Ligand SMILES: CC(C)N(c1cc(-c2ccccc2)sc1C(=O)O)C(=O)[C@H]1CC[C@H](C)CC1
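In the form solved without this ligand, a lone chain appears below as structure tokens.
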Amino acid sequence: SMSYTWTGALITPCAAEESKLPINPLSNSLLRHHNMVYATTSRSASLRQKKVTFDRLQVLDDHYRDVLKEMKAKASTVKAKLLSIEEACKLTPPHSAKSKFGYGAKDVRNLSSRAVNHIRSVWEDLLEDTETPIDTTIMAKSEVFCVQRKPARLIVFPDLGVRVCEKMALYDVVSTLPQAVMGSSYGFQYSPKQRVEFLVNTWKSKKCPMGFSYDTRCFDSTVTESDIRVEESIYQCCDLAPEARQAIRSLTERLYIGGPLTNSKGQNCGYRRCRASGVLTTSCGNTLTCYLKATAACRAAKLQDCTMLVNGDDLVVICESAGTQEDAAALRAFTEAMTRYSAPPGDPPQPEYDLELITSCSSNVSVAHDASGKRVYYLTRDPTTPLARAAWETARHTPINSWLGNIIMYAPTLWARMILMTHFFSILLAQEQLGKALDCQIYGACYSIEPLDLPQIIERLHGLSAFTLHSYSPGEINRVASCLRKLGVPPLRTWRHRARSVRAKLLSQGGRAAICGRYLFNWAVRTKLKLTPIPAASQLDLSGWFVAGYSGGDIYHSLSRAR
């Protein structure tokens, strides 16, 4: 069947759209080549529609069926709870898209009578009605990139009332089932330090390792109605409350398998027969589907001792080599099996014999040295996209701050420490906003974080070595330096000068600012301050941070204020 059918109505914006980076003094201090930075808009939506619209041909075999049964036997150990309305309302982001039924995200979080009444009625409708397709809105996503232009990605989501009901029925399932099924292969259970540890240990556990990343082109579009029903068959192995079992059954048939598409003007836009990017099950379902297809394909290809690391559609495979010619033919057989399963590649996969040459979740393992000179492995990436997005976020207030999420996840990197920490701490200190909570996302979930709490968060996610790394690899240094020339970012010597200045001001303020000065900026001086475990680090409640993926799932994980 076709992934989409279109009526001809356009994918429309709901307000004015900006595509060009503004010429602003604060963003210009970071990045001077503003014309290289752009944001996608609904103007390129038709280009994206063409790429995501195609017929799927799926052929399943015995390897696929055997893997499915093994996955279902693991899912059969799970007991999942139904969330109460209050618990589901607390998980709603403060700025989640308002309902078309006269209430918004603030009303949901406050348990307003109108919000609660509508949610109760949507819930009863899922219990009673197993067939009526649920309406979805289709919008073009606004994302920032550097030139060499990508068309806008498309987001498809149901009304706010439906989203709260999805959490009641499935929040506990999507949060616990993936690790029960995939074990150590489920990527979202790891902090960045645990992810590097798993990759390094897996690589070194093989007698002769071979690894590859597998990129599926337009993954959401490759997901069939059969894949979505198979995903439900896994969820159905859980012990569930009867209302949850009915709501999952109704959500699968009325929403997850497909449905009508409506634009921002209320016009009928088309029909979807593939994965919706903006539903609670998107990350869990994509992870399960990608793992199932890859595990079965590994057996069809005769790849030896395949260890997967899966995060939604992102897949990395580490296995036992059989020699270069054998591995090359086995990888082609893996690709042919994935294609039969309706997961064709974007870029054809390449066998790799060095762990540092593999790119997974846009990142690669690199090496630096700690204070004692000991080798430390860490995850880095090309800093182009993070710097272009940090420049945009400096010139325009955006709801989600990728710069903050990049500092958290990429804290040990030369670019996050020297550029991002230096730039944002300087601006925030000058605006007296170091203590102001800002939103960021970790594995798709939204968090409200104060920049002053960064040292203890970094210590927990990466260890104290994140504040002591030096002697970065020449390859890493060259990649950063070349990206700065390309974007017109001032050189690292300038960032070291700016860091010494903000560090002195942070130290002069005492308290939490001085902890930021001491730990975050120790790299900028020869006269190093002594770095001991931060007391607040052991008291940090990071439950929920690295449990599961929630991209498109409309999840908020920061504490709810009492009433």
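One rule holds for the numbers: they count along the sequence shown, beginning at 1.
Below, we turn to the form solved in complex with this ligand, even though it does not appear here.
Asks: Within 4.5 Å, heavy atoms only, one stretch in 470-478, 121-129, 255-263, 330-338 touches this ligand in the bound PDB entry. Which?
Replies: Checking each option against the 4.5 Å cut-off leaves 470-478.
Asks: Is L292 one of the residues lying within 4.5 Å of this ligand in the bound PDB entry, judged by heavy atom distances?
Replies: Flag for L292 set to no.
Asks: With the cut-off set at 4.5 Å between non-hydrogen atoms, does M418 touch this ligand in the bound PDB entry?
Replies: It does: once this ligand is placed as it appears in the bound PDB entry, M418 has a heavy atom within 4.5 Å of it.
Asks: Going by a heavy atom distance of 4.5 Å, is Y64 a contact of this ligand in the bound PDB entry?
Replies: Answer no; every heavy atom of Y64 is more than 4.5 Å from this ligand in the bound PDB entry.
Asks: Is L484 near this ligand? Define near as a heavy atom within 4.5 Å, in the bound PDB entry.
Replies: So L484 counts as contacting this ligand.
Asks: Exactly one of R496, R43, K505, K50 has a non-hydrogen atom within 4.5 Å of this ligand in the bound PDB entry; which residue is it?
Replies: Contact check passes for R496.
Asks: Of the residues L414, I458, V162, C298, which one places a heavy atom within 4.5 Å of this ligand in the bound PDB entry?
Replies: By the 4.5 Å heavy-atom cutoff, the listed residue in contact is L414.
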